[PDB]
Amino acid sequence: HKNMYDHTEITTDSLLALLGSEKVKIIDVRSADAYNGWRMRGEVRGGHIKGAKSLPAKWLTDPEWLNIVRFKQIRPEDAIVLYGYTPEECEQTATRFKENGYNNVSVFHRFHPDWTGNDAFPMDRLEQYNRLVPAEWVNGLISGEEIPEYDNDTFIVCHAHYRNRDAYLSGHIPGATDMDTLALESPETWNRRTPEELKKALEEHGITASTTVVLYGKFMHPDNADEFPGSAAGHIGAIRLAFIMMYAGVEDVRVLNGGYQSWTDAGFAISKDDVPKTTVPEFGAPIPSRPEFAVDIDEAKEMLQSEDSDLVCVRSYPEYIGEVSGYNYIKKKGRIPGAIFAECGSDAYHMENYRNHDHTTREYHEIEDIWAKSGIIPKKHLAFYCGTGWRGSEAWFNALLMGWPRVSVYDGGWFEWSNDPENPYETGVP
C-alpha cells in the first residue's frame, strides 16, 4: 500500500544493518555545509552517516530536481532512506520521491542526537571542511558572535570580481570590501603577480598574513558574447584569489560556499555602500610562504615525465579536443600532451562538474570518485590547470578541502604553454 504522505520509519538497528548494502541509498537532506562537517545544531560530531549522499531539501524548488537525483544515480529500484536533523525535515522530500516513481522510501528519525551522539555509529566529513564556510558563519563573524572554527581577532570579508566593481556595488555582504582579481594576477601573463606586488596589494586592501580573509564572489550569468565573460564568474574569481592568497601566505583563508547566492538564500541583509579600504602597513610574513601551491612551466614539464606526478586539465571538452580555445583572447587551440582530463563543465566560465546548481561545491565523494577513475589520487603530486588558472584553482581548492597532501595549480596553463611555439600539443578527439 503506497502512501504519498505517511512515510515508514526505519529504526537505528535496521539502518545499521544496511550500511553496506549496494541496494540502499542513504540521503542527507540537510545543507551541504552540515553534510561536509559543520556542526550547525551544536552536535558534538558533525558530518554525515557513512556512505550517505547529499541532497539538500532546499533543492526541492529547483525545476531540475529529478534530474539531479538521476544524475546522482539514485534510482527507483533502490531502497531510499532519508534523514535530516529531524524527521519532519524529510517529509516533503520523501513525498517528492514517491511522486516520481520511487516506491521504497523510508525516513530515519534518529540521526540527531542519537547517531551523532554515539561514537560507535560511523560518520564521515570533508577533512578540511572548516575552510568552506556557510553563510551563517560569516554572519556570526561580522556580528561579533561566537562561532565555531574561529579563534582569531582580525578578519576581512572580500568580494572578488574581475574588472567589474558593479558586481560589488550592486549588492554585497555588509562591511565587505571589493578586490579586483587584477590586484593579485597580471594581465600580461595571467599568472599571480610578483611577491613585491602581492605584498603591496594585500596591504592596501587591509590584509595581513594573520588576518582571517573570507572570500566570495557573485555569479552573474557569464555570456561568451561579452568582451569579459569573467566579470560575471565572480565566485570562480573568489576561489582563484583564495589560491593566490594561500600561496602568498595568508594563514587563514575561507571561501563562502556557493558565494553571494548563499548569503541571499539565507535571507541576510545586503549592503550597497562603497566601503573604503582600511590599509595596513606590513603584511607580516615573507611572500610566498607556501610556494609549493604554485607550479610554473618547467616544473610542470618535469611532472609530465615523473611517475609520482601529473598535470590535471580542468578545461571544457570543446577546448580539450581543440574545437575552440575557450577564450576570446587565445587564438591557439589544442591541449597539453600527457595531462589527465578532468572536464570542468560547459565552457571556460562555468564549473558544472564541480558545483551544484546553487554554486556550492559538488558532493566531495562524487568528485573524489570521478577523479580516481582517471588516476587523479592523493598519493600523487598533482598540478591542476586550465586556460590561465581560474578553473584550475577551483579544482585545486576542492582537493585541498579533502586534505590531499600535494596539490598545486600549474599557473601558466594552456595560455602560457601555447604561447611558446616550440611546445608540443595535441588536437582532435583522442
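The first residue of the shown sequence is 1; numbering continues from there.
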Stretch with the higher entry mean CA B-factor, where the candidates are 278-286 and 152-160: 278-286
Entry B factor averaged over C-alpha atoms, 291-299 against 95-103: higher for 95-103
Highest Cα B-factor in the deposition, which of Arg315, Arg193, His350, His109? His109
Identify, among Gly171, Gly117, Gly237, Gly259, the residue whose C-alpha carries the highest B-factor in the deposited PDB entry. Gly117
Quick tally, chain-level thirds of C-alpha B-factors: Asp265 sits in the highest
B-factor third for the C-alpha atom of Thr61 within its chain: highest
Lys333, C-alpha B-factor rank within chain (lowest, middle or highest third): highest
Chain-relative C-alpha B factor for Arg391 (record values, thirds): the lowest
Lowest, middle or highest third: where is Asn67 by Cα B-factor in its chain? highest
